[PDB]
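Undergrad: Have a look at the structure that comes next, please.
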2 protein chains.
Amino acid sequence: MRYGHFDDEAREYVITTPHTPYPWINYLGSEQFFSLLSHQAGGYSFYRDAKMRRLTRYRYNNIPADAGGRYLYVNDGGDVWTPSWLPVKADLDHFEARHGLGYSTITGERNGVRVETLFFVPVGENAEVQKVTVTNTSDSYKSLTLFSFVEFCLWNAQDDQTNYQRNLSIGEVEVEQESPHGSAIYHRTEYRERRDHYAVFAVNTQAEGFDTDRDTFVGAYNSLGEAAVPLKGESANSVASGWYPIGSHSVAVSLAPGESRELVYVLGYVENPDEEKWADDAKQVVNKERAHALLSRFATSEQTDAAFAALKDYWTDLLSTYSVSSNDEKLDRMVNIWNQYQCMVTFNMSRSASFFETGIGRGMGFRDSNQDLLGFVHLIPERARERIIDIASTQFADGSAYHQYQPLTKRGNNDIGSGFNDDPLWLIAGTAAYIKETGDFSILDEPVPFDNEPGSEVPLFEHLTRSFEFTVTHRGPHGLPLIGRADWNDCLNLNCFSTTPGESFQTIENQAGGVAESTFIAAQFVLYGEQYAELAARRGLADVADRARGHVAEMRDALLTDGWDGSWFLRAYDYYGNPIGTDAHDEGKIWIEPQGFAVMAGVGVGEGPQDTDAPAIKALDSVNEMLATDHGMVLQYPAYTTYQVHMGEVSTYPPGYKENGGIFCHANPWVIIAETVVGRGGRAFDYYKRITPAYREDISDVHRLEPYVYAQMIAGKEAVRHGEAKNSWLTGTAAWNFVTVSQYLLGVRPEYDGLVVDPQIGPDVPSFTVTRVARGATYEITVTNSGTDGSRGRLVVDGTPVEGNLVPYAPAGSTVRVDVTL
Amino acid sequence: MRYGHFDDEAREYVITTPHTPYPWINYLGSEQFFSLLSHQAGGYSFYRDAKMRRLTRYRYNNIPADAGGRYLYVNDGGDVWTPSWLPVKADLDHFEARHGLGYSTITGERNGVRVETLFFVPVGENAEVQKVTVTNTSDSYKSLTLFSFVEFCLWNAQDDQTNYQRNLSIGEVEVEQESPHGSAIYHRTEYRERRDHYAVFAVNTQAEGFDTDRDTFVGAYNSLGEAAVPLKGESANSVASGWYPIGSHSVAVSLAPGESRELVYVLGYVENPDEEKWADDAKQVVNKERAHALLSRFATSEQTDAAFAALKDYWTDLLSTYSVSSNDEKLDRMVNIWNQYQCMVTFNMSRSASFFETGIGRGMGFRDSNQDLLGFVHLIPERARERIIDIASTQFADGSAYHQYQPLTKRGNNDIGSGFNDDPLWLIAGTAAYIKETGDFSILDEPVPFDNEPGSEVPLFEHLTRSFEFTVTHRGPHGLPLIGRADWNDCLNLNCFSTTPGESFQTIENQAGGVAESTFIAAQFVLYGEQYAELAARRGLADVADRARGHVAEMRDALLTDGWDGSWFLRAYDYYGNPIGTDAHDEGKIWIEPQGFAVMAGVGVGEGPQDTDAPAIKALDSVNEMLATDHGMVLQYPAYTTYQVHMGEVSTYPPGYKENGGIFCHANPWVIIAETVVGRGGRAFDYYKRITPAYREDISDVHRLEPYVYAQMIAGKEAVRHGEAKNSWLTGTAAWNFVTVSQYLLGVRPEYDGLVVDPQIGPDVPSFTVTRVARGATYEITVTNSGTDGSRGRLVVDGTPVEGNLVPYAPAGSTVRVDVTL
Ligand SMILES: OC[C@H]1O[C@@H](O[C@H]2[C@H](O)[C@@H](O)[C@H](O)O[C@@H]2CO)[C@H](O)[C@@H](O)[C@@H]1O
Ligand SMILES: OC[C@H]1O[C@@H](O[C@H]2[C@H](O)[C@@H](O)[C@H](O)O[C@@H]2CO)[C@H](O)[C@@H](O)[C@@H]1O
């Protein structure tokens, strides 16, 4: 199956039909106000946060899945149809949806009329802009009347979705048909309350009608695709007290054959200071200064078109700092465009919102973002520097770290689990990278506070220390670090033991005590121990850059003595000291995570890939023998047939699903560089094209999802719908896979002291040109691949031959030639 | 407008059409497993708790509102229609829905075929039973194939509704078409987990088909009313791994004209002990012992019909202990049947679940139930005695009381507000009543624990004490009690002061400090102070029955000195000591609550109703002048045009809505007995028929709701949709209105020492016969009304004339004649 294709030259994914398997969406807006739009126009919009400021209403778990998005109702002499197809689901002459960078296009054609919409949230404007181009393709005349639809969300998801007792009575909105530039509306529910803000919906034509109550608009005994006003041929011009409010404007267009009209809408998170909140001393009308302007800069096609480019350039500039030329377009589009893109949504989304994220329970994770930053520091160091400090601030003076944080209020959340003992080291992982990208040792000296509590601020370095030493303090009799609530994945909870339903495994209570340990953590800390022992050293804290350096080794050395199976690494030593993931169990002998993660860190790594006396090698050989799937590497194997009380949420999952014998994309990219690390270039790549969606276009139907995005969860060999990927769009895999090709496969990877060129792509890719902007200097890396396992590139920089993996950092505005053969 | 009528003789409300304004529902099941069914069959089912054990999926905020209930798909030679009309919304020949006591009937007729369903949850069976009677009314032959639908809810609402990341992968279910008695299914999602339970769906015929995945059943690009399998003429026999699972069974029926077939379904919260959980040592199949039986007792029409009666009798017995004979059927049906019924749903529902209650955030309230018990002690004292102890147990040794409690785990909840300073006295209000009903001073000596914490248990008396003295400790410079988070209604939060959105006013933080006081509380405590000073006295704690007695008076006396406006009672003294609800403000001078509640308690009450020098009188005169509406008495007046920072959630509401100038039914019945208390019988009644739905049948369209139920919130004079009632079905008004007629209007009201007959019904009702079962003896109260304001009844018990309002308690099996003229 296939439903579209990639148009690289245009930097976009094209879709043939609305009969996609599952709704495929794009993420609009990269700064403060993002919108989510299904190729069906289905989806919704929010400012900063969607838990709290959900501009508009979406309903998951819908029948059919996803009826309800931004819609245009069109009546052609009693004919009502929508190009979104949804909701009316009409017979279309032609249809197509193209995803873009910051935007998407929806175009629909029924009965001699063409409606095309441009969807985009443009830069600087906390508003989703829409540019319509209803064009008439008929010899005859078409005289149409157009209905625009939207369903506001009363600003708050948890309260809105779920709490109707207070909620149905607060829905007051204002109308202003005679607006300066056209005619609009202003959802202001709760504004009389503490709110000093609202949303604006408009069109740039004097609307000859409108509506602001849904039932009024659609009438009872009804569906969306059966909307009542669009069929009546005009608008009931409802006005709302209570219940659910929507925005609409009645518009008619008359167009000679081929004739056309342009219509621009403007949905905006409009907002005022408190003082100028009111147009009254009554305080009964909303200040509309800051919204008149809004719809004011977006009131022609010249401006809407003008904006379209602005961002195009925005992305267009944006992709430069890393790009590629090769034979494997499949590769190219994903690094170049679509993956570097998928990387971005995450920087901003954390894992808050997706179509699998109700984006209520989830703000931004400490762990998901620190790992998210890697994928992003190179997109925009400046923006990134802040996150480090925004995320670091959710740091306890304990060293212990807020599992996550509420995006909007920028404050810690205990809402979803607590006591995850690996978090603390993340800080170092993403952070240490900042500097590699920039050389900015400035951020260490920035002062970062503890828990957001003022007066506590310390240079960000203490946040690196605290977390480093959190482990050192917190480890088990094996010298192995403690798992607590969990290492990485939250499905491994040794200290839970629970038979009473109704309590999530992440909120559920965690029992005091243990001798319990994670080898996945120990692994990470052997990577990051050094991450900070060094940065601390360049600090001139030489005496404490060794202590730190030493604690890794006790730990380096205790991760082979005590976490080794002579074939693979132990998943963990559970609660009373017994192990987990030994060959000594029926189910779950091999767990992929210490495996990939302990080789990236370099543990048990020998002379070459030829040498098989290297635990590195034995360790990967096996995931190869055991975990590895054609679609990717299941988390561990085999999955469970019974509920391991002692472990936690892990076995709750049927076999083949998720953290239970499911392919956890995220876990996968960790192992690849292990292949590269190891020198098994050919293998890694095979892995990377394995869990990779560039190469996804093939069986769009196996996936049922977006062929352009790294989706956590592609179903397991054990499961019936294996090759079933869910939760696309918001997986650290976006950030961790870019990494690999960024830095380990295409081996263009930075350091504090120079740019390191070291490819390991297997023979599949024999030639490429990587251009990476570093420190202002462009590096043009033309490379010759011949594929020897354990082969390496020799560098010839600027015509002269050099030693190292390394290139000296070059003065800006300078352009530098690297040639490396391997 | 009107859409049905009352059929008293049958004890049921009948409906003509599915084109009701808003969905009208009934509550099935009175013990452990209740289901909610819209007359459209729309709704859902749960065991004990619906937050946690939602058997099946409902979606609020649906378009149209409420597509999705229990549905039967019928195909008549390629013709698919549903009698629920919903979801397919087809053209019906004839249609009708009758609500019942514990059940409802849905009957639909299209194209020469008749399908009638009986819906009921029967006694002892934690299952909703369905009895279908597809009958053919045609001269020709109809050969049909029938599809039954249901959409399971993965047991947990908060997790299910909102949390799709883990959720879509756990949906494993089992099928067994060849079941002993017919063919069925067993939603067992999470069962491999801590669950030791599940649900069973069946029919009693070998099903010639089935389905257990929704999309599979309906296919994509689809709605419910456009289900895909019902149209194909057979079932895809889906089986589910992950996603949303449903239950269906393919059934065909062939019937001569007038010929008919009977079909019984059985949806059940089936459950096992842990040990016998498994049919395997594999633990990969669900024990089905306890479910085979389930569908086993319900596998003929003889048993289904047999059960129908059992409960009919159940209610049928149930209404005896209080009933009436009069001219005002309008009155009769509500006391007798429909109100005493509405009373019951509440005992069980608290305010957890309604169609306005997502029934996730809300378990059972301390305050809503204590007040709920009043309405119910007489239905079933035994059941009631436990609640007192179940609810009392959510009592802090502080005296301070858990605002509410999680129904299922039976434990306190801080989820929704905390620090409500009136709660504590509720305990006395409902509890003291227990005894009046029964004489059971046993419950005081029951031992009730504190916070559910063992070892703390004390006779329930300390729970009466604690709460009594909680106030005494907690009062303001006026000697008035403190409001804290709130008195009664949660919209009056003096100590909040908040301009930052996103925090509910009940969870939001409450500021330490105050001189803030509620007069509504003070009022209550003057009613309950005595409630317990006496019970304590009959204890022989005479020395402490006076201290207690005294604290009322300081308080009786401080409620007129300090809470009086010479016209009405002060709503409260706010945070720095300034008052609220004085005639001294533009908005909100008169607040109905101290008014009704301070006259029920008897404060400022004079010689008669003629006397107008009585604050009682001035106080009600005014609510009459100010608050009183044709539809009922708005909470206070006038409502707000601006947000009183100091007050809290109160002004967030537009004028005319809810706790803001909205008719708060609940507040209303408090005042009536004030009229009765006062002697203004004629007025009270006028009030009671005023906010009363018996008399609701009139303009079914003003209400948009169930004409048989007390709905909190009927919109205000100030609001546009005034006469708009929302949130029907779960208002303490059900419990508090029964009270009034129970005890004050029809004046058949109990005490510790005898039965008190004292009507005050105004002249509208000149004659009645009340039969009330007390202490085993039936009391037949034939009464003669002539209506003098301040008139009273003289009693002639058993032919001989007596003095008092009082009748001596009569030895059981005895029947007693009361004649009273007034
Ligand atoms: O476990 C891997 C990754 O999962 C994230 O936790 C999720 C997880 O995705 C899901 O499979 C499980 O069912 O629910 C939890 C909810 O938190 C988490 O964000 C990461 O820390 C973790 O590494
Ligand atoms: O306030 C009266 C009654 O209301 C209940 O609190 C509700 C209330 O119904 C609603 O109008 C407000 O918007 O929300 C709160 C949520 O708790 C409460 O159950 C009662 O205590 C109270 O007397």
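Chain labels A, B, ... are given in the sequence in which chains occur in the structure tokens; within each chain residues are numbered consecutively from 1, and ligands are likewise numbered from 1 in the order shown.
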Just list the residues in stretch 305-335 of chain B DSSP gives strand (DSSP E or B) on the backbone, as a list in words.

TA: residues 323, 324, 325 and 326 of chain B

Undergrad: Within 10 Å of ligand 1, which residues of chain A come that close, and what is the closest atom pair and distance in Å for each? Count only C-alpha atoms and all ligand atoms and give it as a Markdown table.

TA:
| residue | atom | partner | partner_atom_place_in_ligand_line | distance |
| --- | --- | --- | --- | --- |
| A:350 | CA | ligand 1 | 19 (O) | 9.1 |
| A:351 | CA | ligand 1 | 19 (O) | 7.2 |
| A:352 | CA | ligand 1 | 19 (O) | 9.9 |
| A:361 | CA | ligand 1 | 17 (O) | 9.7 |
| A:362 | CA | ligand 1 | 17 (O) | 8.6 |
| A:364 | CA | ligand 1 | 19 (O) | 9.3 |
| A:365 | CA | ligand 1 | 19 (O) | 6.9 |
| A:366 | CA | ligand 1 | 21 (O) | 8.6 |
| A:367 | CA | ligand 1 | 21 (O) | 5.9 |
| A:368 | CA | ligand 1 | 19 (O) | 5.8 |
| A:369 | CA | ligand 1 | 19 (O) | 9.5 |
| A:371 | CA | ligand 1 | 21 (O) | 9.9 |
| A:403 | CA | ligand 1 | 21 (O) | 8.6 |
| A:404 | CA | ligand 1 | 19 (O) | 9.2 |
| A:416 | CA | ligand 1 | 17 (O) | 6.8 |
| A:417 | CA | ligand 1 | 17 (O) | 7.3 |
| A:420 | CA | ligand 1 | 21 (O) | 8.5 |
| A:422 | CA | ligand 1 | 21 (O) | 9.2 |
| A:423 | CA | ligand 1 | 21 (O) | 8.4 |
| A:486 | CA | ligand 1 | 21 (O) | 8.8 |
| A:487 | CA | ligand 1 | 23 (O) | 7.9 |
| A:488 | CA | ligand 1 | 23 (O) | 4.4 |
| A:489 | CA | ligand 1 | 1 (O) | 2.9 |
| A:490 | CA | ligand 1 | 1 (O) | 4.9 |
| A:491 | CA | ligand 1 | 1 (O) | 6.0 |
| A:492 | CA | ligand 1 | 1 (O) | 8.3 |
| A:504 | CA | ligand 1 | 16 (C) | 9.0 |
| A:505 | CA | ligand 1 | 14 (O) | 8.5 |
| A:506 | CA | ligand 1 | 17 (O) | 6.7 |
| A:507 | CA | ligand 1 | 17 (O) | 9.6 |
| A:635 | CA | ligand 1 | 2 (C) | 9.5 |
| A:649 | CA | ligand 1 | 13 (O) | 7.6 |
| A:650 | CA | ligand 1 | 13 (O) | 8.3 |
| A:652 | CA | ligand 1 | 13 (O) | 9.3 |
| A:653 | CA | ligand 1 | 13 (O) | 8.4 |
| A:657 | CA | ligand 1 | 11 (O) | 8.8 |
| A:658 | CA | ligand 1 | 11 (O) | 5.5 |
| A:659 | CA | ligand 1 | 11 (O) | 5.5 |
| A:660 | CA | ligand 1 | 11 (O) | 8.7 |
| A:662 | CA | ligand 1 | 11 (O) | 9.5 |
| A:664 | CA | ligand 1 | 2 (C) | 7.6 |
| A:665 | CA | ligand 1 | 2 (C) | 9.5 |
| A:666 | CA | ligand 1 | 2 (C) | 7.5 |
| A:667 | CA | ligand 1 | 2 (C) | 8.0 |
| A:712 | CA | ligand 1 | 9 (O) | 7.6 |
| A:713 | CA | ligand 1 | 11 (O) | 8.0 |
| A:727 | CA | ligand 1 | 9 (O) | 9.0 |
| A:730 | CA | ligand 1 | 9 (O) | 9.7 |
| A:731 | CA | ligand 1 | 9 (O) | 8.2 |
| A:732 | CA | ligand 1 | 3 (C) | 8.4 |

Undergrad: Please write the residues from the selection above to a file, keeping N, CA and C atoms, as a CSV table (one decimal), in the first residue's frame.

TA:
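Output saved as again.csv:
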chain,number,residue,atom,x,y,z
A,350,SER,N,8.0,18.1,23.6
A,350,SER,CA,8.4,17.1,24.6
A,350,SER,C,7.5,16.0,24.2
A,351,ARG,N,6.8,15.3,25.1
A,351,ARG,CA,5.8,14.3,24.7
A,351,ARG,C,4.4,14.7,25.1
A,352,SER,N,4.2,16.0,25.4
A,352,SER,CA,2.9,16.5,25.7
A,352,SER,C,1.8,16.1,24.8
A,361,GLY,N,-2.3,15.0,30.5
A,361,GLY,CA,-1.5,14.4,31.6
A,361,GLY,C,-0.1,14.8,31.5
A,362,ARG,N,0.3,15.1,30.2
A,362,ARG,CA,1.7,15.2,29.9
A,362,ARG,C,2.2,16.6,29.5
A,364,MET,N,6.2,18.6,29.9
A,364,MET,CA,7.5,18.2,29.3
A,364,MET,C,8.3,17.5,30.3
A,365,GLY,N,8.9,16.4,29.8
A,365,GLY,CA,9.7,15.5,30.6
A,365,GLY,C,11.2,16.0,30.7
A,366,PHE,N,11.7,15.8,31.9
A,366,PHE,CA,13.1,16.0,32.2
A,366,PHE,C,13.9,15.1,31.3
A,367,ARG,N,13.6,13.9,31.2
A,367,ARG,CA,14.3,12.8,30.6
A,367,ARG,C,14.0,12.9,29.1
A,368,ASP,N,12.8,13.2,28.7
A,368,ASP,CA,12.5,13.1,27.3
A,368,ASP,C,13.1,14.3,26.5
A,369,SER,N,13.3,15.4,27.2
A,369,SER,CA,13.9,16.6,26.6
A,369,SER,C,15.4,16.7,26.6
A,371,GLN,N,17.3,14.4,26.4
A,371,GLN,CA,17.5,13.6,25.2
A,371,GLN,C,17.0,14.2,24.0
A,403,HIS,N,10.6,14.6,37.6
A,403,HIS,CA,10.5,13.7,36.5
A,403,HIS,C,10.2,14.5,35.3
A,404,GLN,N,9.3,15.5,35.4
A,404,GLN,CA,9.0,16.4,34.3
A,404,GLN,C,8.6,17.8,34.8
A,416,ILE,N,3.0,12.5,37.2
A,416,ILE,CA,3.2,11.3,36.6
A,416,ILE,C,4.4,10.6,36.9
A,417,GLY,N,4.4,9.8,38.0
A,417,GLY,CA,5.6,9.1,38.5
A,417,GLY,C,6.5,10.0,39.2
A,420,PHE,N,12.5,8.6,39.5
A,420,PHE,CA,13.2,8.0,38.4
A,420,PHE,C,14.7,8.3,38.5
A,422,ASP,N,17.4,7.7,36.8
A,422,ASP,CA,18.3,8.0,35.7
A,422,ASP,C,18.3,9.4,35.3
A,423,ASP,N,17.1,10.0,35.4
A,423,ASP,CA,16.9,11.4,35.0
A,423,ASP,C,18.2,12.2,35.3
A,486,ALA,N,12.4,3.5,38.5
A,486,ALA,CA,12.7,3.0,37.2
A,486,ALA,C,14.0,3.6,36.7
A,487,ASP,N,14.7,2.8,36.0
A,487,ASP,CA,15.7,3.3,35.1
A,487,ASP,C,14.9,3.9,33.9
A,488,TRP,N,15.6,4.4,32.9
A,488,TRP,CA,15.0,4.9,31.7
A,488,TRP,C,13.5,4.5,31.7
A,489,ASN,N,13.2,3.5,30.9
A,489,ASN,CA,11.8,3.2,30.7
A,489,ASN,C,11.0,2.9,32.0
A,490,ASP,N,9.8,3.3,32.1
A,490,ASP,CA,9.0,3.3,33.3
A,490,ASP,C,8.3,2.0,33.5
A,491,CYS,N,8.6,1.0,32.6
A,491,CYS,CA,7.9,-0.2,32.8
A,491,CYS,C,8.7,-1.2,33.6
A,492,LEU,N,9.9,-0.8,34.0
A,492,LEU,CA,10.7,-1.7,34.9
A,492,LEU,C,10.7,-1.2,36.3
A,504,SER,N,-2.2,3.7,38.3
A,504,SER,CA,-1.2,3.6,37.3
A,504,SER,C,0.1,3.2,37.9
A,505,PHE,N,1.0,2.5,37.2
A,505,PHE,CA,2.2,2.0,37.7
A,505,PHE,C,3.2,3.1,38.0
A,506,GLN,N,2.9,4.3,37.4
A,506,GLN,CA,3.8,5.5,37.6
A,506,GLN,C,3.4,6.4,38.8
A,507,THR,N,2.1,6.4,39.1
A,507,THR,CA,1.6,7.1,40.2
A,507,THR,C,1.6,6.2,41.4
A,635,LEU,N,12.2,-4.6,22.4
A,635,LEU,CA,12.9,-4.2,23.7
A,635,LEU,C,13.7,-5.3,24.4
A,649,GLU,N,5.0,-2.6,35.7
A,649,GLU,CA,4.1,-2.5,34.5
A,649,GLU,C,4.5,-3.3,33.3
A,650,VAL,N,5.7,-3.9,33.3
A,650,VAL,CA,6.3,-4.5,32.2
A,650,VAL,C,5.5,-5.6,31.5
A,652,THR,N,2.2,-6.3,32.1
A,652,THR,CA,0.8,-5.9,31.9
A,652,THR,C,0.5,-5.9,30.4
A,653,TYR,N,1.5,-5.6,29.6
A,653,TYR,CA,1.3,-5.6,28.2
A,653,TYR,C,1.3,-7.0,27.7
A,657,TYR,N,3.9,-6.1,22.5
A,657,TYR,CA,3.5,-4.7,22.6
A,657,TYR,C,4.3,-3.8,23.6
A,658,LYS,N,4.9,-2.8,23.0
A,658,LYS,CA,5.5,-1.7,23.8
A,658,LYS,C,6.7,-2.1,24.5
A,659,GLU,N,6.8,-1.7,25.8
A,659,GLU,CA,7.9,-2.1,26.6
A,659,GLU,C,8.0,-3.6,26.9
A,660,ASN,N,7.0,-4.3,26.3
A,660,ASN,CA,7.0,-5.8,26.4
A,660,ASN,C,7.1,-6.5,25.1
A,662,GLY,N,7.9,-5.4,22.4
A,662,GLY,CA,7.6,-4.6,21.3
A,662,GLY,C,8.8,-3.9,20.9
A,664,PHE,N,10.8,-1.1,20.5
A,664,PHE,CA,10.9,0.3,21.0
A,664,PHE,C,11.9,1.1,20.2
A,665,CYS,N,11.4,1.7,19.1
A,665,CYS,CA,12.3,2.5,18.3
A,665,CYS,C,13.4,3.1,19.1
A,666,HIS,N,13.0,3.8,20.1
A,666,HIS,CA,13.9,4.6,20.9
A,666,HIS,C,15.1,3.8,21.2
A,667,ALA,N,14.9,2.6,21.8
A,667,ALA,CA,16.0,1.8,22.3
A,667,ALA,C,16.9,1.4,21.1
A,712,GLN,N,7.4,6.0,18.1
A,712,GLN,CA,7.7,5.1,19.1
A,712,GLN,C,6.8,3.9,18.8
A,713,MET,N,7.1,2.7,19.3
A,713,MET,CA,6.2,1.6,19.1
A,713,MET,C,5.9,1.2,17.7
A,727,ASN,N,1.6,5.8,18.0
A,727,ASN,CA,2.2,6.9,18.8
A,727,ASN,C,3.2,7.7,18.0
A,730,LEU,N,6.0,11.6,18.3
A,730,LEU,CA,6.5,12.1,19.6
A,730,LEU,C,7.3,11.0,20.4
A,731,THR,N,8.4,10.6,19.7
A,731,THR,CA,9.3,9.6,20.3
A,731,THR,C,10.7,10.2,20.3
A,732,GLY,N,11.5,9.9,21.3
A,732,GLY,CA,12.8,10.4,21.4
A,732,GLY,C,13.7,9.9,20.3

Undergrad: Mind listing as JSON, numbers by chain which residues of chain A are within 6 Å of chain B, counting only C-alpha atoms?

TA: {"A": [63, 64, 162, 164, 165, 170, 193, 194, 195, 221, 222, 223, 356, 358, 499, 500, 501, 652, 653]}

Undergrad: Report as number ranges by chain all protein, DNA and RNA residues lying within 12 Å of residue A:539, evaluated on only C-alpha atoms, omitting residues in the same chain fewer than 5 positions from it.

TA: A: 441-442, 444-445, 461, 532-534, 544-545

Undergrad: Skipping near chain neighbours, those fewer than 6 positions away, what residues fall within 8 Å of residue B:336 using only C-alpha atoms, listed as a VMD selection string?

TA: chain B and resid 319 322 to 324

Undergrad: Hey, can you spit out that residue selection with C-alpha atoms as a PDB file, in the first residue's frame?

TA:
ATOM      1  CA  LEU B 319     -42.965   2.750  48.266  1.00  0.00           C
ATOM      2  CA  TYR B 322     -44.623   6.516  52.706  1.00  0.00           C
ATOM      3  CA  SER B 323     -47.427   7.255  50.238  1.00  0.00           C
ATOM      4  CA  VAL B 324     -50.343   9.603  49.575  1.00  0.00           C
TER       5      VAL B 324
END

Undergrad: Extract, using only C-alpha atoms, all DNA, RNA and protein residues at most 9 Å from residue A:431, discarding same-chain residues fewer than 4 positions from it, and format them as a PyMOL selection string.

TA: chain A and resi 370+373-374+385+388+426-427+435+443+464

Undergrad: Pick the closest to ligand 2 from B:459, B:479, B:102, B:419: which is it, counting only C-alpha atoms and all ligand atoms?

TA: B:419

Undergrad: Please provide the set of residues having any atom within 8 Å of residue B:235, restricted to only C-alpha atoms, with same-chain residues fewer than 3 positions apart removed, written as a ChimeraX atom specification.

TA: /B:209-211,217,229-230,232,238,250

Undergrad: Keeping only C-alpha atoms, write the selected residues as a CSV table (one decimal), in the first residue's frame.

TA:
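After the write, again-v2.csv holds the following:
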chain,number,residue,atom,x,y,z
B,209,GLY,CA,-21.6,-14.5,14.2
B,210,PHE,CA,-19.7,-11.9,16.3
B,211,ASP,CA,-17.1,-9.1,16.6
B,217,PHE,CA,-17.0,-3.8,13.2
B,229,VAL,CA,-20.8,-4.8,9.5
B,230,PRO,CA,-24.6,-4.4,10.0
B,232,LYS,CA,-22.8,-6.2,5.0
B,238,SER,CA,-13.2,-9.7,14.3
B,250,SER,CA,-24.8,-12.4,14.8

Undergrad: May I ask for the distance between atom CA of residue A:305 and atom CA of residue A:264, given in Å to one decimal place?

TA: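 Atom-to-atom, atom CA of residue A:305 and atom CA of residue A:264 are spaced 10.2 Å apart.
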
Undergrad: Name the closest residue to ligand 2 among the candidates B:802, B:548, B:121, B:711; distances are taken between atoms, counting only C-alpha atoms and all ligand atoms.

TA: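 The answer is B:711, which sits nearest to ligand 2.
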
Undergrad: How many Å separate atom CA of residue A:599 from atom CA of residue A:678?

TA: 7.7 Å

Undergrad: List the neighbours of residue A:392 out to 8 Å using only C-alpha atoms; skip same-chain residues closer than 6 positions along the sequence, and give me the result as a list in words.

TA: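 Counting only C-alpha atoms, the residues come to residues 427, 448, 460 and 463 of chain A.
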
Undergrad: Keeping N, CA and C atoms, export the residues of the selection given above as a CSV table (one decimal), in the first residue's frame.

TA:
chain,number,residue,atom,x,y,z
A,427,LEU,N,20.8,15.4,32.4
A,427,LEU,CA,21.2,16.8,32.4
A,427,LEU,C,22.5,16.9,31.7
A,448,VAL,N,21.7,28.5,37.8
A,448,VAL,CA,20.4,27.7,37.8
A,448,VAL,C,19.9,27.4,39.1
A,460,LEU,N,25.1,26.6,36.7
A,460,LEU,CA,24.6,25.4,36.2
A,460,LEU,C,25.5,24.2,36.4
A,463,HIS,N,24.5,21.7,39.0
A,463,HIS,CA,23.4,20.9,38.5
A,463,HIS,C,24.0,19.7,37.8

Undergrad: Suppose you want the space between atom CA of residue A:247 and atom CA of residue A:129; what is it in Å?

TA: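 Atom-to-atom, atom CA of residue A:247 to atom CA of residue A:129, that is 14.9 Å.
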
Undergrad: Write down as number ranges by chain the residues of stretch 225-337 of chain A whose backbone DSSP state falls under alpha helix (DSSP H).

TA: A: 228-232, 289-292, 294-297, 301-318, 329-333

Undergrad: Of the candidates B:105, B:415, B:695, B:540, which shows the shortest atom-to-atom distance to ligand 2, using only C-alpha atoms and all ligand atoms?

TA: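 Checking each of B:105, B:415, B:695, B:540 against ligand 2, counting only C-alpha atoms and all ligand atoms, the winner is B:415.
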